[PDB]
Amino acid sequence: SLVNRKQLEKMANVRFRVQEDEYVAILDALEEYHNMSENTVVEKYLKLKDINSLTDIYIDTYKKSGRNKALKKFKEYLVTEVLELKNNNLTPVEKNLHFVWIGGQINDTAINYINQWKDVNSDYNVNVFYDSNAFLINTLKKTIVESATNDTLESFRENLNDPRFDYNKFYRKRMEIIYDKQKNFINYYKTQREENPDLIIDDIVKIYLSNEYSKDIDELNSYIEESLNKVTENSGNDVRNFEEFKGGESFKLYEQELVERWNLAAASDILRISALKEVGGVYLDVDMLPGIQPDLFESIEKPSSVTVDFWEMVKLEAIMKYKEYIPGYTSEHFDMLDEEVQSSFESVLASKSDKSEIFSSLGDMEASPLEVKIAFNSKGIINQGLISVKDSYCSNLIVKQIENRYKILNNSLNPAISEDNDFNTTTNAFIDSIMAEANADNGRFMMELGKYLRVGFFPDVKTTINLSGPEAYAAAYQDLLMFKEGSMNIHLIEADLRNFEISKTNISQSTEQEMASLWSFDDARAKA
């Protein structure tokens, strides 16, 4: 438990020094903290937050004080208390698996993965979040990028068959065209909403494609009817029926990425956390599979020099080769093992006859009302897997992190797009605006926004990670452990973030669909 008032008095006792108001404030807050034995977990943390606030005040007021060492050590005790308050007061997790597929028809691959979770979690309610108003964003994004490609190939048509037109100069010349075609749709969209507010996105898109690119609406209507039917048969949950999310101040950020930027991934980062906050449960990317029974391959020792991802892929590749829960699965890694070690995997799987002996079930889980558990990989945290109770404190901090991070972006982006300038002038005007507002504490965050307009159309662009991605979760965790809000410069080490780790026993992360969907962007091909 946390140190008591009398102990802290003895801890920072300095003879021949006056009892400062800022000091007694710390003792008053700590004494009344130890009387909150009946309050909620959140209320207990909001108290430790004030205690830390007052301690930071004292240290900043009396910089040469002899109490500082004791109070700087007392600060560490407060962080320890938060983690103990986290790992000791646990409530049941809302048994809900949240998946997301928005802006297009759900893929057969995603449905297969999802069913694997259903088969081993019959007590969990599944929700595949879709947008009934926006099934054509994907085809729209594909229609414009494809037309923008041909227009870029029409130019440079004389030198595309020889060098001097590398993939670097091609994507640049193509983006300025995409920006004009993208800027044009947003104007038509914005003008159609004020003229007829009863229209949905799909109504604006399918008429926009029928005029500027000669698309058949009868084929688009049948694509919507097909996409709606397919997802409703698989635990579909319409975002337009998510009233709490649709009324909050984070819905414009969702529609900003969906309609204007066509970044379905970013719109999912915004949606997943708000759903987890309002309902609670477990979010999972569609390329995640249930955890493997720990005692399954216990007898096959892992090689010394291989990575963890290798072995996890081997385990899944072996399971799918011999049980075929997902047909056509790869074996790139299982085929790298000795013939005798392959026989070991084959043998153990031959002794198993049911899936419950292969994949584990989530079952009765419990988490702190303060925490949001996140997945881990060799690069750090990753929001492909999340576990949180309803209305957890971190989920609110994470939402606030994203909402605050989009303000800084849109504060410098809106004044640049409002002017009907080309891509190059907008980018330069957008970069000149971030470096002005850039203060020596959010530098890294601002250094990642200069590419915001090029997301989805360029290789190796990772701005989503900083806006709504894991970077915003790391900042939220820092907000918690630092008793503050609005963190921008991450100073947490791996050991700090491991307090919010999802156990590797609950998620199989190194799947084929995941190791194929990730970044692999040396794919300079040039088409034909």
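Just count from 1 along the sequence shown to find any residue number.
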Should the higher mean CA B-factor in the entry be assigned to 202-210 or to 78-86?
202-210
For the stretches 429-437 and 342-350, which has the higher mean C-alpha B-factor as given in the deposited record?
429-437
When the CA B-factors of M175, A110, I273, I402 are compared as recorded in the entry, which is the largest?
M175
Check the PDB entry and point out which of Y322, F457, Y130, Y329 has the largest C-alpha temperature factor.
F457
Considering only modelled residues of the same chain, in which third does the CA B-factor of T40 rank: lowest, middle or highest?
lowest
Please rank the C-alpha B-factors of the chain's modelled residues and tell me whether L2 sits in the lowest, middle or highest third.
middle
Would you please rank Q513 by its C-alpha temperature factor against the other modelled residues of its chain and give the third it falls in: lowest, middle or highest?
highest
Where does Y167 sit by CA temperature factor within its chain: lowest, middle or highest third?
highest
Assigned third (lowest, middle, highest) for the C-alpha B factor of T91:
middle
